[PDB]
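One chain follows as structure tokens, the form deposited in one PDB entry.
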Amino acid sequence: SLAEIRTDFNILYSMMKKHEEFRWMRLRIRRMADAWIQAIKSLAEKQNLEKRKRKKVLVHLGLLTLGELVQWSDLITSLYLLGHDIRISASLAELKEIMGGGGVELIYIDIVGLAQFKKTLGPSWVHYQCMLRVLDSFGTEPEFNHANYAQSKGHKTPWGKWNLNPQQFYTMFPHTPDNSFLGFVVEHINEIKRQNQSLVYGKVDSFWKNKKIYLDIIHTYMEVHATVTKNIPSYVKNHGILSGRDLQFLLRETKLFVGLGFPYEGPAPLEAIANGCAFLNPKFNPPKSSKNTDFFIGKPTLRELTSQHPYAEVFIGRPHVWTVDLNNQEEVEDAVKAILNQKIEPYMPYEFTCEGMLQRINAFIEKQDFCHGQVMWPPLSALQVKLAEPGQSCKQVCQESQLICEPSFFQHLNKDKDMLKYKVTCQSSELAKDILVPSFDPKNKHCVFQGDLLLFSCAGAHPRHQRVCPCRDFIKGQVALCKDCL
């Protein structure tokens, strides 16, 4: 019953061959297999992977009943290499059968899958609720997760309302500290690269609408390539749809990967950057959110995107990523001229490598517990308390101190005597059921405390008062983990 690392993919291949949708995933695993195997052996030599319980894990892919398919494939691969006993489900019948047999210790599921879980198991679905890890790309903020609070704020979305611990939501990028970051793995260079080759990001013609001036400025200094036909200028060199090795060859050859504004926060810009490409990242001013952008309306989050790829913008930056105003002709020309003169430096954040994803998912499996049976994680030693100004979120004040909001610490910040420790003295206090508390009015020294523990929230700025904010440190290249979290 102890987990043993796997160094051979034969059994995995056999399991994924049972569902047609895994076909192009198996190809990707074969291409990446040597990287995965070096990674699990390297992790096991560097960190104690001994004496882990082998878990029976349900993976229910609601969406099989894309970036999402890449994330599923990397999660399943990581679980397999770490030695866990994986039961894959892509039907209501498999789901019923796996849960029928009992002994399930951990459940990875998507939003569509979760509705199927509740319907198929009936009222005892809640018995398993603490074992759920819900793959949810764009994230779920606490305000939308709390069904009754969402109704009371007049949100009309069908999404959210699961009443989970919001750290059970697993995101594509570390954009929502209320949630956990799952992510995925990103699959002489002077000689290989065509210095004046740009490639447009966007496999559909619709994405190209109103980018003519932008594309013309790039075309002044570079060839414009595409992999896509009304909106496409005559000078564009279309290679058609590519795949695997061919696309990787094209990226290896490309100096500049050109964002058009859509799609939002995909894997492709990280793949370009890993291959030595610079990424021209459209800036969004004002930021795009469920409040101003049709695509985002109904998403169970108010999170604002400052660019097409906020992760690339904030966690990578120049020289790999140039975040520019598409409508600023001077800034676009300067960016393109600078990129042309840049030395090529292929870059991959550690959190998007095989080893970094294995380390992250291994820490969540071993340490993240909503079922009440394990010591506090992250450990309390990691708490650094910060006061957010009015109009600033807990997410914002941690980030501006090179930290990350840690929602599991909110419970240690929620009464008069606990505040004393953090040089805040409450002359008076009350309880509110609000995402914006605990709060502090520094004028009249009035503290408002959280009356509904499900409403603790890294998201949300108080218009008038300071917020009392739980921050933690993170390992550079591994934002999901605090220094003492391994």
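So that there is no doubt, residue numbering starts at 1 and follows the sequence shown. Whichever C-alpha set is largest while still superposing within 1.5 Å between the two forms counts as the rigid core.
FYI, the form deposited in another entry isn't displayed, but the following is about it.
- For the residues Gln374, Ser381, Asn148, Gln411, superposed on the rigid core between the shown form and the other one, a C-alpha shift of 2 angstroms or more shows up only at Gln374.
- Once both forms are fitted on their rigid core, the CA atom of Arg194 lies 2 Å or more apart between the shown form and the other one.
- With the core superposed, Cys469 shows a C-alpha displacement below 2 Å between the shown form and the other one.
- Once the rigid core is used as the reference frame, the Cα position of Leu455 differs between the shown form and the other one by less than 2 Å.
- Annotation for the pair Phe410/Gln374: C-alpha atoms approach each other in the other entry, by 3 Å or more compared with this form.
- With a change of no less than 3 Å, the CA-CA distance between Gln374 and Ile40 is larger in the other entry than in the form shown.
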